[PDB]
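Let me begin by presenting the structure, written as structure tokens, before commenting on it.
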Amino acid sequence: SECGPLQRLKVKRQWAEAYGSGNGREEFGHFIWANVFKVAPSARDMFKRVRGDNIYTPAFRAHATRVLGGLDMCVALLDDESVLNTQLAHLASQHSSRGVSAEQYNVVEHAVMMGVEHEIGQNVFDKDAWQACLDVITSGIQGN
Amino acid sequence: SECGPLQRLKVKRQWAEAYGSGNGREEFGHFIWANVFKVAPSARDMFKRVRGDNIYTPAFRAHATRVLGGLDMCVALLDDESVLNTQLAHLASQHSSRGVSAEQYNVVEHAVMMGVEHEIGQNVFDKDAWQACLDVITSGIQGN
Amino acid sequence: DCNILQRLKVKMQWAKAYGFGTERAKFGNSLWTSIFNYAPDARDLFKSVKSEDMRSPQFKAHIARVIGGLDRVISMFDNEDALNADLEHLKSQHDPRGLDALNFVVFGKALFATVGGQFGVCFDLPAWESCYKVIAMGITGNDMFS
Amino acid sequence: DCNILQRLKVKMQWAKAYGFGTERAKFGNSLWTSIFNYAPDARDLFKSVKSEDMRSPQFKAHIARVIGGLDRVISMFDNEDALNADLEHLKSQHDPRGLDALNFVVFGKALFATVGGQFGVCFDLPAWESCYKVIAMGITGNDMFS
Amino acid sequence: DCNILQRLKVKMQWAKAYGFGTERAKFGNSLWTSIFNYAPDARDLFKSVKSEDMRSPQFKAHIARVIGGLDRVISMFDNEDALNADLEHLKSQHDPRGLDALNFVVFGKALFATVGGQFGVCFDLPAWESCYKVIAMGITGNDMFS
Amino acid sequence: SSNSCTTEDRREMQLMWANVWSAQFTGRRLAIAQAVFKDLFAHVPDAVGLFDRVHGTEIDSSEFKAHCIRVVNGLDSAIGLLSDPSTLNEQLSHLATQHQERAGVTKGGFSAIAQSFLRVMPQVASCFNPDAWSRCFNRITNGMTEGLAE
Amino acid sequence: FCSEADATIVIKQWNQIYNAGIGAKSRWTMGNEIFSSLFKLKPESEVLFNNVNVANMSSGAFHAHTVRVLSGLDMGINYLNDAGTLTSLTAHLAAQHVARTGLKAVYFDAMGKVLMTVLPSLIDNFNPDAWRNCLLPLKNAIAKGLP
Amino acid sequence: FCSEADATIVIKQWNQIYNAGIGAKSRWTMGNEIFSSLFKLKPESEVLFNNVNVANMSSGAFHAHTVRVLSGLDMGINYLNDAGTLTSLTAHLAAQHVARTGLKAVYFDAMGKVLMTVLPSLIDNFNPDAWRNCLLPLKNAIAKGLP
Amino acid sequence: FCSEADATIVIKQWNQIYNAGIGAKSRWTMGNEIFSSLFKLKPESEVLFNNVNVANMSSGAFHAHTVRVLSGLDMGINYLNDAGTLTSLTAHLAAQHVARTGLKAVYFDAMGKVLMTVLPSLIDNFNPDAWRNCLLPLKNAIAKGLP
Ligand SMILES: *[C@@H]1O[C@H](CO[C@@H]2O[C@@H](C)[C@@H](O)[C@@H](O)[C@@H]2O)[C@@H](O[C@@H]2O[C@H](CO)[C@@H](O[C@H]3O[C@H](CO[C@H]4O[C@H](CO)[C@@H](O)[C@H](O)[C@@H]4O)[C@@H](O)[C@H](O[C@H]4O[C@H](CO)[C@@H](O)[C@H](O)[C@@H]4O)[C@@H]3O)[C@H](O)[C@H]2NC(C)=O)[C@H](O)[C@H]1NC(C)=O
Ligand SMILES: *[C@@H]1O[C@H](CO[C@@H]2O[C@@H](C)[C@@H](O)[C@@H](O)[C@@H]2O)[C@@H](O[C@@H]2O[C@H](CO)[C@@H](O[C@H]3O[C@H](CO[C@H]4O[C@H](CO)[C@@H](O)[C@H](O)[C@@H]4O)[C@@H](O)[C@H](O[C@H]4O[C@H](CO)[C@@H](O)[C@H](O)[C@@H]4O)[C@@H]3O)[C@H](O)[C@H]2NC(C)=O)[C@H](O)[C@H]1NC(C)=O
Ligand SMILES: *[C@@H]1O[C@H](CO[C@@H]2O[C@@H](C)[C@@H](O)[C@@H](O)[C@@H]2O)[C@@H](O[C@@H]2O[C@H](CO)[C@@H](O[C@H]3O[C@H](CO[C@H]4O[C@H](CO)[C@@H](O)[C@H](O)[C@@H]4O)[C@@H](O)[C@H](O[C@H]4O[C@H](CO)[C@@H](O)[C@H](O)[C@@H]4O)[C@@H]3O)[C@H](O)[C@H]2NC(C)=O)[C@H](O)[C@H]1NC(C)=O
Ligand code: HEM
Ligand code: HEM
Ligand code: HEM
Ligand code: HEM
Ligand code: HEM
Ligand code: HEM
Ligand code: HEM
Ligand code: HEM
Ligand code: HEM
Ligand SMILES: [Ca+2]
Ligand SMILES: [Ca+2]
């Protein structure tokens, strides 16, 4: 499937519903990262500086906050290729010296999808739209 | 991390919240043992006498009741090293002729933590405090 | 005036004040009631849509079309290209009717009263006066709205 | 022009929007928050009443004096002699502070948003713009209120 | 008397009766109201904390300190070492005031009335009389509380 | 009074912000930041230089826009966490290290932009409470500039 | 000032005869009866109002005076349950009197008796005790510093 | 027209992706997808829009066209429960398409298929029956008479 | 002092780990951790407690000391919303530390850091801002005047 104009609108609305204004953001990010580290416990070693060993700590919670803030910017820009690709390049450089594998990117993708579904319900979750647009996002954070 | 005086107080309060007075105890113990046997299906063979094949049976429910009653005593005594270590020795002898591996002990630890978190919520769950004090508990049930 | 900040402000308040479903027809009935009250003569200008009876479907359809116009215009407040192109469209529809521009001043007043009353005390009147002008100008061409 | 009919409509709408008890303090706080949001720089002209903390007793006392003035002034709308005497009394208190008249324009805009926001959709903005001019003209003198 | 069972019983009931937050000041206001009612003369003994006016902050602070004292004492009911050490502390504070021991009998009565009324019908009066004695004795040294 | 950013000021600031905040499109955010920087620049000319990497001389370029979006994202993250200060402290330190050791980036410039926001918000936000806003905006910048020059 | 329960009675009783819906005429009508009563109890105080044309009490200048007076009393009453603001309000009011010379404390005591005599004729089932409890302190605060 | 319960669903689903709180960009983005699809189905109909600059679908003139098209659809939808006004609204809209050059009823049948194909991609749990019951009637009214 | 909403949070969090239904053991356990930490920060201040038997922190005399220290803190906290009484309560407490030998205001700054460091370990979602807004003011009152 492709992340077309329509899929970008769906993703924007469903992301806004899931992410919300902030009250459920902590629970939202916790669910996501609890999923990532369970599917890939090995990856937490890359988060030594933000206490990846304990995702319940303020330090990790701040990181999770930053990450979701990153996803938000990309979702918000999905309909502005120009500024979008500029933002993906910024995220790319923030991950360049850390050796993230296309496999770990996909992990976080699934984690993000489950968390969003968990927030808005399987009844409305559009898997095709999210996978396509998440591919577009990570693909860009990995340069290509 | 270490199971110090402060961590022992936190664990006591959070355990009291999760374990409660008894109404949610069945669901509490079921969640825990459903987790243990899924992470280590092999281990249920040690529970032949208490129907480990069916944790929905009264027999198993009684065992789960006993186990949590054991954890409760230890949590309650965390601030009384003297009587604590005496109780750990009793539990040690109740498991001596059964060949439990330090690996299975750790399993039950994680199972216990998830169940408590499940009961009080990730928002307040103190992973560091629980892991340290659970290490102290199982470590003692295994003699050392 | 009517920079980008006031345009976003006006879109926010219009969204809230305007509302969904049937509350739309109410807001419109009020807008048009204030207009004919502020300037009773303007009522004769709509005999083509049966202004003779404000509860009639012909005049309700007109009400719907006008607030529908206000809404699409306000929604394009951020894209000048589509905005002017549409204001130009609305202009070609009003020009052949020889409408006195002073009635667009009355319209705006009624509009502020209706949006302000429905939105509440945080209604931004200066932003509304400044951005309404843009709209009336695009429809009239009268520098009165400069 | 603010004829007698408009003065009456305005006295009626004010009464309803001003209310009783603490609703008045709320109306006042809204009026003044809107003034400082409409012209963020006017806030400096009130250091004498501690406008740094709008919820301080000094400023709240100032909010009450002002709406209290609006009230008595609006209640005298029907008696020219009493009205003009009090407006002069107010000008006397505002002159020694050399105030830019344009601020009084902002004040009026805020007054409309607050009253209309509290009164609702039947707010008669034209009547309010006209009659507020009489108060403004009477307090400042600036023929910009002519 | 006042074995370990009655000490735990008294801690239970005190916890319930005492309560959290602002209900604390109420319970205290009642305790002190009963005291001055049971023995009106004792009131003159607190001019240093403005007993002249029970709603005054100086006397509220005193009330807070006293129930705060009762609470910490009751909380140490299970550890004699800290209990006596603290009762000894409270003793050194009351000794230099030449207080008549009979007023501690009145205090206890007021205390039972206040705790019993707030806790209800399962109030354990015998346990309270027996364990209060321990407290009054540690503060007074009077064998009256033996 | 105290001037501290209270629980109620925080609730209000989240309201002032959540209402104006567009959770789907950059249109609103972007417009709010650009305007904040225009104001910052017009009051502090020398400040535009600090943004050459993000094309601060061209507020409408894809690069400055993306930067405005990041600033708006940092503020949003901080306004949300006013509710959970333990985590807020960790996030304000991170932001602090992201502005630290940057030639030209001082507390003076933060006070400046603070006034830029006070001039921008009322124009776009309805029911703006400048008092509660500044008390908490300052709570946030204080964490961001702990290790910066005056 | 006064208690919350006393303040409530006063506020409610005042609102009966004074509020945004009460026209100016009724207002200066109560005003004239009150100042006329004041002058009769303390004839010497009358001259203090030559600046508001006390000479002709049915003049625009004297009507506006009584109106702002009553408006000042209204403001004070409605803030009886906000001691912080009322304190600041009373201080300001006093400043506007102490600024004027000739005023004596006994003139405010007289005003007090005027109100206690006038209001029961305007207010439904007037409560002299609640009003005394709240007016007294209010009057003292405004006349603070007067000889 | 259509049931009151059907109308409720359509209104609810439509307001999900279209309401006064949505940016125009998304408005025309949905617009262009809708017409590009109509073109691919019936390419013969594209020329009809040469007047709104169909040549360049990213132009303000064309963006404005899709905008008013969608506002009309919105207007129609929000009145589903007011048979009287909607009848009048559709007749007007119907008049704005008759007077237009080169319009066959079959084009509104294609458009229908496009809406039934585009909407489900934007709307949560899109309901084709409820939408069919409410729009088909509308479409016949806006396309009643033409070729 | 501090906001009414801040006070509510502090009271709630504090009653989580301290209330009339908690055993004294835990009371002094928290007490010893608090002082041991104050000692490590400012070891020079330990001697000040030689009177309550600071030599042996497991003694009834010292346990009783931490107990009353905590009851005082509790007393202060539970009155956060009663400015009048709390002012009076702090002045008293303030008097009990002035008359004491060797007390510098900086010790109460250390204590503050200890509380901000110990509490989060005992309290669910401890709120440092709310606690800072409510205790800093209190600490200044109990430490206003000293070195
Ligand atoms: C206390 O004040 C009140 C109110 O006065 C007002 O307030 C003061 C502060 C001042 O600012 C005054 O300027 C202001 O009016 C006084 O009562 C008023 O007294 C006036 C008298 O000046 C009453 O009006 C009378 O005069 C008018 C106008 O007269 C002029 O115009 C006519 C032309 O039509 C000329 O012929 C005159 O030479 C003059 O230039 C007049 O229209 C009225 O008379 C009409 O009605 C009569 C029947 O009653 C007919 O016979 C007449 O032909 C004519 O049609 C008035 O006589 C004014 O109405 C009152 N105000 C009220 C509300 O009653 C009060 O006198 C003062 N106390 C004192 C003694 O100074
Ligand atoms: C259909 O219309 C679209 C949309 O354009 C709109 O509608 C038309 C009908 C007209 O009314 C337009 O006025 C209206 O905006 C057409 O696509 C747009 O076309 C413009 C072409 O001007 C695109 O603009 C690009 O270039 C501008 C300005 O370029 C000049 O100025 C810059 C200085 O800023 C110089 O450096 C250049 O040398 C040049 O002289 C500029 O805003 C952007 O360029 C920068 O940014 C790029 C990133 O986006 C960089 O890659 C560049 O290197 C440079 O830094 C614009 O890209 C405008 O963007 C497009 N719209 C889109 C969304 O792409 C379309 O062509 C038309 N169809 C036909 C064939 O007529
Ligand atoms: C700081 O104070 C603490 C706490 O003590 C308290 O405070 C002091 C200031 C004094 O006021 C004390 O009176 C008060 O309790 C000091 O630590 C405590 O010290 C006592 C020492 O007596 C510990 O008690 C151990 O021994 C007692 C009694 O021992 C005698 O009697 C038994 C018969 O029951 C005989 O068998 C012995 O030969 C002896 O003559 C007894 O209760 C316990 O001993 C049994 O239990 C142990 C397990 O806990 C076994 O391992 C033993 O083999 C035996 O069966 C006590 O252990 C008391 O427990 C400690 N407190 C703690 C919590 O450990 C501390 O020393 C002081 N600092 C200094 C240096 O002065
Ligand atoms: C799904 C897309 C992802 C987004 C939007 C994202 C976003 C972010 C953001 C905003 C930061 C903070 C950068 C800074 O301020 O320095 C960050 C840091 C980081 N990210 Fe990601 N990230 C994504 C995926 C991943 C993946 C798949 C991994 C690897 C398993 C990863 C590993 C890291 C690491 C190791 C850091 C540095 C943490 C630190 O500060 O010590 N990220 N990411
Ligand atoms: C987390 C700490 C643990 C506690 C507190 C605990 C507690 C208990 C208790 C109270 C009993 C009942 C003893 C009796 O009355 O005879 C029991 C039995 C038993 N436990 Fe545990 N246990 C723990 C961990 C484990 C682990 C890790 C395993 C192994 C996978 C295990 C295996 C058993 C077995 C096989 C029995 C005997 C069941 C029977 O009666 O047939 N326990 N445990
Ligand atoms: C800025 C505010 C206004 C907007 C947005 C607006 C919008 C519209 C719209 C959308 C139509 C329907 C066009 C069609 O589909 O045929 C319309 C029709 C019309 N408008 Fe306005 N209008 C505005 C102000 C006015 C004013 C102030 C007058 C004059 C007093 C006026 C007089 C008319 C008339 C006479 C019609 C034709 C009604 C008919 O179909 O018979 N409009 N307007
Ligand atoms: C037209 C509506 C207005 C009314 C009814 C009004 C009324 C009042 C009143 C009753 C006072 C208190 C006088 C006293 O007793 O000392 C006052 C004071 C004042 N007013 Fe106005 N005012 C109005 C508009 C304005 C405007 C637009 C400004 C300018 C920004 C302004 C600036 C001031 C200042 C600076 C003071 C003095 C504050 C002090 O230090 O006490 N007023 N006004
Ligand atoms: C057993 C119950 C009682 C307890 C727990 C108790 C506790 C206390 C406490 C904690 C203080 C404050 C000490 C300080 O911080 O300086 C105090 C003060 C005082 N108590 Fe008691 N008390 C009790 C009974 C009494 C009785 C029966 C009297 C006498 C009639 C009394 C008379 C006083 C006086 C005069 C003060 C000093 C007040 C001041 O600061 O001026 N107390 N008490
Ligand atoms: C309190 C409001 C402010 C917020 C929320 C904020 C936020 C941010 C964020 C999120 C970044 C990007 C960090 C990254 O991804 O690496 C950033 C970068 C930066 N900020 Fe701020 N900032 C604020 C105020 C300021 C001020 C007042 C100055 C100074 C005059 C400043 C100067 C900079 C510079 C120079 C950069 C680097 C830009 C670049 O990427 O080249 N910021 N800020
Ligand atoms: C307690 C009831 C009273 C209230 C609420 C009250 C209120 C007021 C107010 C609001 C003003 C106008 C202030 C300004 O805007 O500049 C005023 C002025 C004045 N008051 Fe009072 N007042 C009271 C009693 C008195 C009494 C008892 C006297 C003395 C006999 C008095 C003498 C004056 C004078 C001489 C003026 C100045 C009039 C002028 O501007 O020419 N007041 N009063
Ligand atoms: C049911 C969906 C449709 C709706 C809601 C709709 C609505 C509208 C509206 C509101 C206008 C602008 C009227 C004006 O202001 O003058 C319009 C114009 C037009 N429509 Fe439609 N329409 C629909 C389907 C179609 C279809 C299927 C065709 C055929 C190919 C079509 C062809 C046109 C043309 C040719 C114009 C005139 C464009 C111009 O100004 O040059 N419409 N339509
Ligand atoms: C804010 C936290 C603190 C609270 C709530 C507190 C409370 C108390 C209380 C209730 C007492 C007993 C008073 C009596 O009954 O006579 C006390 C005593 C004392 N406090 Fe504090 N205190 C605090 C901090 C400190 C600090 C930072 C120091 C300094 C090193 C200190 C030094 C003392 C000393 C030396 C005594 C006397 C001990 C004795 O009886 O020998 N306190 N404090
Ligand atoms: Ca992928
Ligand atoms: Ca372990």
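How things are named: the first chain in the structure tokens is A, the next is B, and so on; residues count from 1 in each chain; ligands count from 1 in the order shown.
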Closest-contact table, chain B side, partner ligand 5, 9 Å, counting only C-alpha atoms and all ligand atoms, as JSON lines:
{"residue": "B:36", "atom": "CA", "partner": "ligand 5", "partner_atom_place_in_ligand_line": "30 (C)", "distance": 8.2}
{"residue": "B:37", "atom": "CA", "partner": "ligand 5", "partner_atom_place_in_ligand_line": "30 (C)", "distance": 8.9}
{"residue": "B:40", "atom": "CA", "partner": "ligand 5", "partner_atom_place_in_ligand_line": "30 (C)", "distance": 8.5}
{"residue": "B:43", "atom": "CA", "partner": "ligand 5", "partner_atom_place_in_ligand_line": "30 (C)", "distance": 5.4}
{"residue": "B:44", "atom": "CA", "partner": "ligand 5", "partner_atom_place_in_ligand_line": "30 (C)", "distance": 7.4}
{"residue": "B:45", "atom": "CA", "partner": "ligand 5", "partner_atom_place_in_ligand_line": "35 (C)", "distance": 8.3}
{"residue": "B:46", "atom": "CA", "partner": "ligand 5", "partner_atom_place_in_ligand_line": "35 (C)", "distance": 4.7}
{"residue": "B:47", "atom": "CA", "partner": "ligand 5", "partner_atom_place_in_ligand_line": "35 (C)", "distance": 5.1}
{"residue": "B:48", "atom": "CA", "partner": "ligand 5", "partner_atom_place_in_ligand_line": "41 (O)", "distance": 6.7}
{"residue": "B:49", "atom": "CA", "partner": "ligand 5", "partner_atom_place_in_ligand_line": "41 (O)", "distance": 4.6}
{"residue": "B:50", "atom": "CA", "partner": "ligand 5", "partner_atom_place_in_ligand_line": "41 (O)", "distance": 5.4}
{"residue": "B:51", "atom": "CA", "partner": "ligand 5", "partner_atom_place_in_ligand_line": "41 (O)", "distance": 8.7}
{"residue": "B:63", "atom": "CA", "partner": "ligand 5", "partner_atom_place_in_ligand_line": "12 (C)", "distance": 6.6}
{"residue": "B:64", "atom": "CA", "partner": "ligand 5", "partner_atom_place_in_ligand_line": "9 (C)", "distance": 8.2}
{"residue": "B:65", "atom": "CA", "partner": "ligand 5", "partner_atom_place_in_ligand_line": "10 (C)", "distance": 8.2}
{"residue": "B:66", "atom": "CA", "partner": "ligand 5", "partner_atom_place_in_ligand_line": "10 (C)", "distance": 4.7}
{"residue": "B:67", "atom": "CA", "partner": "ligand 5", "partner_atom_place_in_ligand_line": "7 (C)", "distance": 3.9}
{"residue": "B:68", "atom": "CA", "partner": "ligand 5", "partner_atom_place_in_ligand_line": "5 (C)", "distance": 6.4}
{"residue": "B:69", "atom": "CA", "partner": "ligand 5", "partner_atom_place_in_ligand_line": "10 (C)", "distance": 6.3}
{"residue": "B:70", "atom": "CA", "partner": "ligand 5", "partner_atom_place_in_ligand_line": "5 (C)", "distance": 4.2}
{"residue": "B:71", "atom": "CA", "partner": "ligand 5", "partner_atom_place_in_ligand_line": "5 (C)", "distance": 4.3}
{"residue": "B:72", "atom": "CA", "partner": "ligand 5", "partner_atom_place_in_ligand_line": "5 (C)", "distance": 7.8}
{"residue": "B:73", "atom": "CA", "partner": "ligand 5", "partner_atom_place_in_ligand_line": "5 (C)", "distance": 8.3}
{"residue": "B:74", "atom": "CA", "partner": "ligand 5", "partner_atom_place_in_ligand_line": "5 (C)", "distance": 7.5}
{"residue": "B:88", "atom": "CA", "partner": "ligand 5", "partner_atom_place_in_ligand_line": "5 (C)", "distance": 8.5}
{"residue": "B:91", "atom": "CA", "partner": "ligand 5", "partner_atom_place_in_ligand_line": "7 (C)", "distance": 6.4}
{"residue": "B:92", "atom": "CA", "partner": "ligand 5", "partner_atom_place_in_ligand_line": "6 (C)", "distance": 8.9}
{"residue": "B:94", "atom": "CA", "partner": "ligand 5", "partner_atom_place_in_ligand_line": "13 (C)", "distance": 5.4}
{"residue": "B:95", "atom": "CA", "partner": "ligand 5", "partner_atom_place_in_ligand_line": "20 (N)", "distance": 6.0}
{"residue": "B:98", "atom": "CA", "partner": "ligand 5", "partner_atom_place_in_ligand_line": "35 (C)", "distance": 6.0}
{"residue": "B:99", "atom": "CA", "partner": "ligand 5", "partner_atom_place_in_ligand_line": "29 (C)", "distance": 8.1}
{"residue": "B:100", "atom": "CA", "partner": "ligand 5", "partner_atom_place_in_ligand_line": "29 (C)", "distance": 5.1}
{"residue": "B:101", "atom": "CA", "partner": "ligand 5", "partner_atom_place_in_ligand_line": "29 (C)", "distance": 7.2}
{"residue": "B:102", "atom": "CA", "partner": "ligand 5", "partner_atom_place_in_ligand_line": "27 (C)", "distance": 7.5}
{"residue": "B:103", "atom": "CA", "partner": "ligand 5", "partner_atom_place_in_ligand_line": "27 (C)", "distance": 7.8}
{"residue": "B:104", "atom": "CA", "partner": "ligand 5", "partner_atom_place_in_ligand_line": "27 (C)", "distance": 4.6}
{"residue": "B:105", "atom": "CA", "partner": "ligand 5", "partner_atom_place_in_ligand_line": "27 (C)", "distance": 3.5}
{"residue": "B:106", "atom": "CA", "partner": "ligand 5", "partner_atom_place_in_ligand_line": "27 (C)", "distance": 6.9}
{"residue": "B:107", "atom": "CA", "partner": "ligand 5", "partner_atom_place_in_ligand_line": "27 (C)", "distance": 6.7}
{"residue": "B:108", "atom": "CA", "partner": "ligand 5", "partner_atom_place_in_ligand_line": "27 (C)", "distance": 5.2}
{"residue": "B:109", "atom": "CA", "partner": "ligand 5", "partner_atom_place_in_ligand_line": "1 (C)", "distance": 5.9}
{"residue": "B:112", "atom": "CA", "partner": "ligand 5", "partner_atom_place_in_ligand_line": "1 (C)", "distance": 7.5}
{"residue": "B:134", "atom": "CA", "partner": "ligand 5", "partner_atom_place_in_ligand_line": "1 (C)", "distance": 7.5}
{"residue": "B:137", "atom": "CA", "partner": "ligand 5", "partner_atom_place_in_ligand_line": "2 (C)", "distance": 7.0}
{"residue": "B:138", "atom": "CA", "partner": "ligand 5", "partner_atom_place_in_ligand_line": "2 (C)", "distance": 5.6}
{"residue": "B:141", "atom": "CA", "partner": "ligand 5", "partner_atom_place_in_ligand_line": "2 (C)", "distance": 7.3}
Can you tell me which residues come within 6 Å of ligand 3 when counting only C-alpha atoms and all ligand atoms, ideally as a compact mmCIF listing (two decimals) with N, CA and C atoms, in the first residue's frame?
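Result written to selection.txt:
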# COMPACT_ATOMS: atom_id res chain seq x y z
N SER B 82 15.35 -9.64 61.04
CA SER B 82 15.38 -10.80 61.93
C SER B 82 14.30 -11.84 61.62
N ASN I 56 23.39 7.53 69.04
CA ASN I 56 22.73 6.29 68.64
C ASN I 56 21.35 6.64 68.08
N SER I 58 19.19 4.77 66.87
CA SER I 58 18.23 3.69 67.06
C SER I 58 17.71 3.75 68.49
N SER I 59 18.03 4.83 69.18
CA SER I 59 17.58 5.01 70.56
C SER I 59 16.18 5.62 70.63
N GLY I 60 15.46 5.31 71.70
CA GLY I 60 14.12 5.84 71.88
C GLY I 60 14.13 7.35 71.89
Contacts with ligand 6 at most 7 Å, only C-alpha atoms and all ligand atoms counted, listed as a VMD selection string: chain C and resid 42 45 to 46 48 to 49 62 65 to 70 90 93 to 94 97 99 103 to 104 107 135 to 136 139
Close residues, residue F:17 itself excluded, 10 Å, only C-alpha atoms, min 2 positions apart in chain, as number ranges by chain: A: 21; F: 11-15, 19-22, 75-76, 79-80, 121, 125-126, 128, 133
All residues having an atom within 7 Å of ligand 10 (only C-alpha atoms and all ligand atoms) as JSON, numbers by chain: {"G": [45, 48, 49, 51, 52, 65, 68, 69, 70, 71, 72, 73, 93, 96, 97, 100, 103, 107, 108, 110, 111, 139, 142]}
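Selecting chain D residues within 10 Å of chain C and counting only C-alpha atoms yields residues 27, 30, 31, 33, 34, 37, 38, 106, 109, 110, 111, 112, 113, 114, 115, 116, 117, 118, 119, 120, 121, 122, 123, 124, 125, 126 and 127 of chain D.
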Distance filter 10 Å around ligand 1, atoms: only C-alpha atoms and all ligand atoms, out as JSON, numbers by chain: {"D": [79, 80, 81, 82, 85], "G": [52, 53, 54, 55, 56, 57, 58, 59, 60, 61, 62, 63]}
For the selection you just gave me, I'd like the residues written to a file as a short mmCIF file (atom, residue, chain, number, x, y, z; two decimals), in the first residue's frame, keeping C-alpha atoms.
data_model
loop_
_atom_site.label_atom_id
_atom_site.label_comp_id
_atom_site.auth_asym_id
_atom_site.auth_seq_id
_atom_site.Cartn_x
_atom_site.Cartn_y
_atom_site.Cartn_z
CA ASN D 79 -30.82 62.42 31.93
CA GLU D 80 -28.51 64.74 30.01
CA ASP D 81 -27.72 67.08 32.92
CA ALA D 82 -26.70 64.30 35.30
CA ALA D 85 -21.82 66.31 34.99
CA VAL G 52 -21.55 69.85 43.43
CA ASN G 53 -24.09 72.66 43.52
CA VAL G 54 -25.65 71.55 46.79
CA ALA G 55 -27.45 74.90 46.54
CA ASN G 56 -29.89 73.31 44.08
CA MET G 57 -30.05 69.60 44.92
CA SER G 58 -32.14 68.83 41.86
CA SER G 59 -29.31 69.90 39.56
CA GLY G 60 -27.32 67.71 37.21
CA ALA G 61 -24.20 68.34 39.28
CA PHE G 62 -25.76 67.25 42.56
CA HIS G 63 -27.58 64.30 41.02
#
Residues within 6 Å of ligand 9, counting only C-alpha atoms and all ligand atoms, as a count of residues only: 16
Gap from atom CA of residue B:6 to atom CA of residue A:34 - Å, one decimal: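 So the two atoms, atom CA of residue B:6 and atom CA of residue A:34, lie 25.9 Å apart.
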Nearest residue to ligand 12 from the set I:106, I:17, I:80, I:24 (distances using only C-alpha atoms and all ligand atoms):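 Ranking I:106, I:17, I:80, I:24 by distance to ligand 12, first place goes to I:106.
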Residue G:75 environment, 12 Å, only C-alpha atoms, sequence neighbours closer than 5 positions dropped, as a count of residues only: 37
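With atom CA of residue C:78 on one side and atom 39 (C, counted along the ligand's line) of ligand 2 on the other, the separation reads 22.3 Å.
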Distance of atom CA of residue A:140 from atom CA of residue A:60, expressed in Å to one decimal place: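 Interatomic distance, atom CA of residue A:60 to atom CA of residue A:140: 24.6 Å.
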Shell of 10 Å around residue F:97, only C-alpha atoms, local chain residues under 5 positions omitted, as a list in words: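 These residues fall inside the cut-off: residues 92, 102, 144, 145, 146, 147 and 148 of chain F.
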DSSP helix (DSSP H, G or I) residues within stretch 8-61 of chain B, listed as a ChimeraX atom specification: /B:8-19,25-39,41-50,58-61
Contact residues (chain I, partner chain B, 12 Å, only C-alpha atoms) as a ChimeraX atom specification: /I:16-18,22-23,25-34,117-126
Neighbours of chain H in chain F at 10 Å, counting only C-alpha atoms, as a PyMOL selection string: chain F and resi 22+24-25+27-28
Neighbour list for residue B:136 as a PyMOL selection string, cut-off 10 Å, only C-alpha atoms, skip fewer than 6 positions in-chain: chain B and resi 2-3+74+78+85+88+130+144
